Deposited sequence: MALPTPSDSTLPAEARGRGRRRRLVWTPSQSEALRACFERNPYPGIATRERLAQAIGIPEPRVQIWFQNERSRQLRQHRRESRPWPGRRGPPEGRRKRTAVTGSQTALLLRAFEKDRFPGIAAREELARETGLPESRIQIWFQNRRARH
């Protein structure tokens, strides 16, 4: 099961596109400011910038550095909890990831990244 898909308002689409036009590689501060200005969680903004670059690069392919998020600290206790879940299921859905976010205290978007990285390496 995946998270419920958002639908942009015209005002949100305009703000996303205008910020993309200024810089298609925003850092965490730009993404957080834009997220709050338009009322959308920052991970959804980051996912949109990724999809929009893919749309623009593909269309350019047949027509033709801002600061990163600070490294999330993961305690040994949080890691062991994620590892136990990973051993049972490597592809948790949104509800399983929200459970892990609740139990660990980490943002669900960091849980999602943790599982993507772990699958690539183990």
_Stretches with no C-alpha atoms in the model, relative to the deposited sequence starting at 1_ = 1-18, 83-91
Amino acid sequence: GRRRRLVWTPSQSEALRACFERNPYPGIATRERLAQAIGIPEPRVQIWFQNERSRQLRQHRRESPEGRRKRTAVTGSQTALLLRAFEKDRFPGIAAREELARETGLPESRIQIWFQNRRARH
From here on, numbers count along this sequence of modelled residues.
*With reference to the PDB entry, specify whether the mean Cα temperature factor is higher for 12-20 or for 103-111.*
103-111
*Mean C-alpha B-factor higher for 76-84, or for 89-97?*
76-84
*Which one of 44, 58, 31, 69 shows the biggest C-alpha B-factor in the PDB entry?*
58
*Based on the entry's values, in what third of the chain does the Cα temperature factor of residue 64 lie: lowest, middle or highest?*
highest
